[PDB]
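Just one chain is shown here, as structure tokens, and it is the form solved without the named molecule.
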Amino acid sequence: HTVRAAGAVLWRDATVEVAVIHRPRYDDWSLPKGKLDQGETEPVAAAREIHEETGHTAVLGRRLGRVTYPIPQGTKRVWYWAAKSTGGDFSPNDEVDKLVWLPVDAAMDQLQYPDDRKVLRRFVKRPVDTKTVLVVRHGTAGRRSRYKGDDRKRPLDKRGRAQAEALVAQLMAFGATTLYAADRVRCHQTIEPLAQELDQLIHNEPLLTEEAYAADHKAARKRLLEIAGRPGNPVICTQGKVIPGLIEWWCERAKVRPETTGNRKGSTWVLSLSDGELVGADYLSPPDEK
């Protein structure tokens, strides 16, 4: 069987230092990570396990990649992120007895596994002090036929509401701070739970609906960049016919290659920016899908 895990290169400003952990079970030095709990998304697992193992909270930025290796039971699949420490301090735990903070070249030496070393090379290849734009497709909301009444008003269904609730921890893992949604009830409702958590209002965005994108895709592009330019990490909840077009455009111009792709309801594109420039685009499946 495949064991799914997530973790990070945890970093702080000293130029940058990264955490390497020691485990007496293997007398090994490695990166903080662990297994996904039932129902848990990779980002949320990563944040948890980082804090379990290092004693630090972190905000996840760019996704580093996936690595896969044999273990006695089968196969270990681990997703890694760059993650900046937001606080805390190490104290020894059950698995991890020591942690060191190292500049990257020394950390590469301290590491011992090829997969960890690969992830660390991925970390250094781009800027890590990134800002993050979270582009979310609204949750499940039945079919446009099944709900007559102004389709603008069609609500999230039971699943979609559960997706919205699950997106709170997902989006908070990336340090979401400001909320925007296309002018459709289902788009707002997707991020209402996060709005309440953050105690933030949701900015309504008539230029980012499907109808508006179809009429004037250029105004949508410009408005996306306007939003991305504001301070904070914005969530922008919009629709299925809008997202691929915006993401594809921006990735092509920035020469950013996504490691994964898709467009499902409740999915999230994590766009990482350095000094306003796009440097990563990471598609996350819906929180209730694999």
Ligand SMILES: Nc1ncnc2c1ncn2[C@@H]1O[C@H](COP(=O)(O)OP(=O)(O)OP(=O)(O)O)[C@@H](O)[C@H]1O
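Shifts are known only where both forms have a C-alpha. By rigid core we mean the largest C-alpha set that fits within 1.5 Å across both forms. Start at 1 and count along the sequence shown; that's the residue number.
The same protein also has a form solved in complex with the named molecule, omitted here; what follows describes it.
Asks: I need the one stretch from 138-146, 190-198, 215-223, 123-131 whose residues put non-hydrogen atoms within 4.5 angstroms of the named molecule in the deposited complex.
Replies: Of the options given, it is 138-146.
Asks: Out of 240, 245, 262, 229, which one falls within 4.5 Å of the named molecule in the deposited complex, going by heavy atoms?
Replies: Residue within 4.5 Å of the partner: 240.
Asks: Report yes if any heavy atom of residue 210 sits within 4.5 Å of a heavy atom of the named molecule in the deposited complex; otherwise report no.
Replies: Looking in the deposited complex, residue contacts with the named molecule include residue 210, since a heavy atom lies within 4.5 Å.
Asks: Is it the case that residue 84, even though its partner is missing from this view, gets within 4.5 Å of the named molecule in the deposited complex, heavy atoms only?
Replies: Judged by the heavy-atom cut-off of 4.5 Å, residue 84 is well away from the named molecule in the deposited complex.
Asks: Would you check, heavy atoms only and a 4.5 Å threshold, whether residue 161 touches the named molecule in the deposited complex?
Replies: It does not: once the named molecule is placed as it appears in the deposited complex, residue 161 has no heavy atom within 4.5 Å of it.
Asks: Along 172-186, which positions have a non-hydrogen atom within 4.5 Å of the named molecule in the deposited complex?
Replies: The stretch touches the partner through 186 alone.
Asks: Among 153, 148, 158, 218, which is the residue that shifts its C-alpha 2 Å or more between the shown form and the other one, core superposed?
Replies: Result of the superposition: 148 is the only one at 2 Å or more.
Asks: Verify the C-alpha shift of residue 71 between the shown form and the other one: is it 2 Å or more after superposing the core?
Replies: Yes.
Asks: Are residue 217 and residue 147 closer or farther apart at their Cα atoms in the deposited complex than shown, with the shift being 3 Å or more?
Replies: Their C-alpha distance shrinks by at least 3 Å in the deposited complex.
Asks: Hey, the CA atoms of residue 162 and residue 148 end up closer or farther in the deposited complex than in the shown form, with the change being 3 Å or more?
Replies: Between the C-alphas of residue 148 and residue 162, the gap widens in the deposited complex (3 Å or more compared with this form).
Asks: Please list the stretches that shift between the shown form and the other one, defined as three or more consecutive residues with CA displacements of 2 Å or more after core superposition.
Replies: Runs found: 71-74, 146-150, listed by sequence.
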